[PDB]
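The chain below stands alone and is given as structure tokens, in the form deposited in one PDB entry.
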């Protein structure tokens, strides 16, 4: 669930960024900085990289103080007033989704009929310790009051030197009194002492004039796969770079090897990225959502076998209903009427054979395994010759 959490975080971060840009745009247009002005362009471009602020910046990505200093420069040269600068800076520092962590995960008492955080019941946790000391109850209460009061620590040290308590007990007392007690207690206050689901791939591909391609950095192009590089000059340069540093097969050059091979360096000090042809894909796996073209591995949901007016079987792949509007290529246009439908992992048999197979990968001629007696080998049979068991 870690990767789904990361995708969810990327999605929500982008949504928050759309929220921040809209509010800034509305406010700047409300002042008089319409989108043609230089102040709108500068302040709006700075909002795409508003910086971090989780750590403090020393005295006089980027930190948010650097970004806000640039925003201050942009608005002062744009003749803005201090209230408008303050409101724009308020938009830069605004929190759009509420960060809620104080009371989220709750623990229930183990007794047969919510438990507090440990940091809120330090008195009870100290009372759990000092209740077993041999001294009287008035001294127990005085010790409990002295431990929790941060000024009376010397009295506690005097008590422990007097009564010769164990070092681990003194340790426990000071960690209950002082430390940041993360978590909740086992008991309440009355009882302390008593495969996959992704429709498409994450990186969009470029699909122009029938050619599927994408950009990869020079340090991401494996040695045996150099021929996918579209640029002739950089393909031969990368071939000579692989020949120079004795990369046999598999993984690529490192950062230092790529820089020493003479490749250009980008402004963020990464290596240049090359346009490469994408293998292992086809035009039938291409979907377009907004501007982006993606590969989908869930493009087929089943196989439909049709009987025409001549009584002859023909197989057509049933495409995914969730993606049918987004396929670039036209859908199947079957003649006649449907006879039967073959889903993935259905058990089938082959015309003229007695063995029982099951569909591993599907299509017009789906790929079938033997259920019993398969050595891991498979074979493809036309779906017109199959029938469901």
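Positions refer to the first chain, counted from 1. So that the term is clear: the rigid core is the largest set of C-alpha atoms that superpose within 1.5 Å between two forms.
Trainee: Unmodelled stretch from the deposited sequence between residue 167 and residue 168, which bin: none, 1 to 3, 4 to 9, 10 or more?
Mentor: The entry has no unmodelled residues between residue 167 and residue 168.
Trainee: Count up the deposited residues without coordinates from residue 60 to residue 61 and drop the result into none, 1 to 3, 4 to 9, or 10 or more.
Mentor: Going from residue 60 to residue 61, the model skips 10 or more residues of the deposited sequence.
What comes next is about the form deposited in another entry, which is not displayed.
Trainee: Superposing the core, which one of 219, 185, 285, 300 shows a C-alpha shift reaching 2 Å or more between this form and the one not shown?
Mentor: C-alpha shift of at least 2 Å: 185.
Trainee: Does residue 144 move appreciably between this form and the one not shown, meaning a CA displacement of 2 Å or more on the superposed rigid core?
Mentor: Where the cores coincide, residue 144 still shows a C-alpha shift between this form and the one not shown that is 2 Å or more.
Trainee: Honestly, after the rigid core fit, is residue 313 moving at least 2 Å at Cα between this form and the one not shown?
Mentor: For residue 313, whose C-alpha is compared between this form and the one not shown after core superposition, the shift is less than 2 Å.
Trainee: If we fit on the core, is the Cα of residue 262 displaced 2 Å or more between this form and the one not shown?
Mentor: Shift at residue 262: 2 Å or more after core fit.
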